[PDB]
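Student:
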Ligand SMILES: COc1ccc2nc(C)c(O[C@@H]3C[C@H]4C(=O)N[C@]5(C(=O)NS(=O)(=O)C6(C)CC6)C[C@H]5/C=C\CCCCC[C@H](NC(=O)OCC5(C(F)(F)F)CC5)C(=O)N4C3)nc2c1
Ligand SMILES: [Zn+2]
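Numbering (the numbering used here), first residue to last: 1173 to 1369.
1) Round the Cβ separation of residue 1332 and residue 1343 to the nearest angstrom and send it over; I've been treating them as touching at under 8 Å.
2) Check whether the Cβ atoms of residue 1243 and residue 1274 lie closer than 7 Å to each other.
3) Is the separation between the beta-carbon of residue 1222 and that of residue 1282 shorter than 7 Å?
4) Return helix, strand or coil for residue 1205, following the three-state DSSP convention.
5) Alpha carbons only, please: which of 1341, 1348, 1349 and 1369 is nearest the one belonging to residue 1360?
6) Looking at the strands, I want to know which residues DSSP matches up with residue 1284.
7) Quick check: the Cα distance between residue 1238 and residue 1175, rounded to an integer number of angstroms?
8) Taking only the alpha-carbon atoms, compute the straight-line gap between residue 1354 and residue 1173 and give it to the nearest angstrom.
9) Return helix, strand or coil for residue 1231, following the three-state DSSP convention.
10) To test your reading of the DSSP string, which unbroken beta strand (DSSP E) runs of 3 or more residues are found completely within the stretch 1321-1355?
11) Between the stretch 1318-1334 and the stretch 1291-1299, do at least 3 Cβ pairs fall closer than 8 Å?
12) Around ligand 2, what residues have a beta-carbon under 5 Å from a heavy atom of it, in chain order?
13) Confirm the yes/no value for this check: CB of residue 1268, any heavy atom of ligand 1, distance under 6 Å.
14) With 16 as the cutoff for other CB atoms within 10 Å, does residue 1270 come out buried or exposed?
15) At 3 residues or longer, what runs of the beta strand (DSSP E) sit wholly inside the stretch 1246-1315?
16) Any idea if residue 1229 is buried or exposed, counting beta-carbon neighbours within 10 angstroms, 16 or more meaning buried?
17) Rounded to a whole number of angstroms, what is the C-alpha to C-alpha distance between residue 1339 and residue 1236?
18) To the nearest angstrom, how far is the alpha carbon of residue 1351 from that of residue 1253?
19) Sorry if obvious, but does the Cβ on residue 1300 come closer than 6 Å to a heavy atom of ligand 1?
20) Beta-carbon within less than 7 Å of residue 1251's beta-carbon, same chain only, minus the 5 sequence neighbours each way: which residues are those?
21) Among all the DSSP beta bridges, which residues are the ones paired with residue 1195?
Here is the structure:
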């Protein structure tokens, strides 16, 4: 009982810069500092942007700010706190049935606006700053216009699907693959986020 360990916090280790005309990933913290920060839960780094790259001790994925909430997947974050300048921050949303968790958006982040366009021409942003066109096929499904191996999508759960105007349409959750080729993606629709709020 006295030897029971405590799981570390999720740690922001970078971001996907969507500011200019070129999307590109930036790293803000290395492996060693990530491990240190996950154990203390103290992260003094400045946060910027909409899409964060986050990591635990064993997994790395994405987290996206929408309406002042940093959203990500439960299968990445579990019930973990997130590191912040003042210590670990407890999740304000947890829904395992949706594979969804959320924390208050970090100070300095920018939030995407929920989409009300009703458009089916979407764009998935990956951890490698690829902007993949995706056609919406259902409430929670979309097909890649250019299929590719699932390797290129691994580590991008928690990333956004965006409409043509840059609104948040959903959060990337799972990949539909055949023979290792991702033909479609499963995502948490922004409306499901809005009802959880
Ligand atoms: C524990 O408590 C919970 C509660 C609810 C929950 N709900 C889920 C739907 C779920 O799914 C698992 C994780 C997800 C994934 O890996 N997601 C990423 C991703 O990148 N993760 S990650 O960032 O690398 C990582 C692991 C660090 C965090 C985007 C994928 C990228 C590549 C796929 C790799 C092969 C996998 C193909 C697989 N496909 C699929 O399950 O098909 C189903 C389905 C669908 F419609 F798609 F839902 C009916 C057809 C898939 O995508 N899985 C498997 N786990 C949970 C767990
Ligand atoms: Zn829109």
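By construction, the Cβ of each residue, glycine as well, lies at the ideal position given by its N, Cα and C atoms.
Tutor: Concretely, from the data shown:
1) Here residue 1332 refers to the residue found at position 160 of the chain shown. Here residue 1343 refers to the residue found at position 171 of the chain shown. Between residue 1343 and residue 1332 the Cβ distance is about 7 Å, and since that is below 8 Å, they are a contact.
2) The residue labelled residue 1243 in the question sits at position 71 within the chain shown. The residue labelled residue 1274 in the question sits at position 102 within the chain shown. Yes.
3) Within the chain shown, numbered from 1, the residue matching residue 1222 stands at position 50. Within the chain shown, numbered from 1, the residue matching residue 1282 stands at position 110. Yes. Within cutoff.
4) Translated into the one-based positions of the chain shown, residue 1205 becomes position 33. Correct three-state label for residue 1205: helix.
5) If you number the chain shown from 1, residue 1360 lands on position 188. Taking only the C-alpha atoms, the option nearest residue 1360 is 1341.
6) The sequence position of residue 1284 within the chain shown is 112, counting from 1. Residue 1284 is bridged to 1238.
7) Walking along the chain shown from the start, residue 1238 turns up at place 66. Walking along the chain shown from the start, residue 1175 turns up at place 3. When rounded, the distance between both Cα atoms is 39 Å.
8) Taking the first residue of the chain shown as 1, we reach residue 1354 at position 182. Taking the first residue of the chain shown as 1, we reach residue 1173 at position 1. Near 44 Å, if we compare the C-alpha coordinates of residue 1173 and residue 1354.
9) As a first step, residue 1231 must be located in the chain shown, where it is residue number 59. Residue 1231: coil per DSSP, three-state reduction.
10) With a minimum length of 3 residues, the continuous beta strand (DSSP E) runs that stay inside the stretch 1321-1355 are 1332-1334 and 1340-1350.
11) With a cut-off of 8 Å on Cβ pairs, the stretch 1318-1334 is in contact with the stretch 1291-1299, counting three or more such pairs.
12) Selection output, chain order preserved: 1287, 1289, 1335, 1337 and 1339.
13) By 1-based counting over the chain shown, the position of residue 1268 is 96. In this structure, residue 1268 has its beta carbon less than 6 Å from a heavy atom of ligand 1.
14) Along the chain shown, read from residue 1 onward, the residue named residue 1270 stands at position 98. Residue 1270 is buried by the Cβ-count criterion.
15) Listed in chain order, the complete beta strand (DSSP E) runs (minimum 3 residues) inside the stretch 1246-1315 are 1265-1267, 1272-1276, 1293-1297 and 1303-1308.
16) For the purposes of this step, residue 1229 is taken as residue 57 along the chain shown, with counting starting at 1. Around the beta-carbon of residue 1229, fewer than 16 other beta-carbon atoms lie within 10 Å, marking it exposed.
17) Looking up residue 1339 in the chain shown gives position 167. Looking up residue 1236 in the chain shown gives position 64. Rounded to the nearest angstrom, the two C-alpha atoms are 12 Å apart.
18) Locating residue 1351 in the chain shown gives position 179, counting from the first residue. Locating residue 1253 in the chain shown gives position 81, counting from the first residue. Using only the alpha carbons, I get a separation of about 36 Å.
19) What you label residue 1300 is simply residue 128 of the chain shown in a count that begins at 1. Residue 1300 Cβ: outside cutoff for every heavy atom of ligand 1.
20) As a working note, residue 1251 is residue 79 in the chain shown. Within the same chain, residue 1251 has close Cβ partners 1263 and 1266.
21) Counting from 1 along the chain shown, the entry for residue 1195 is found at position 23. Paired residue(s): none; residue 1195 is not in a bridge.
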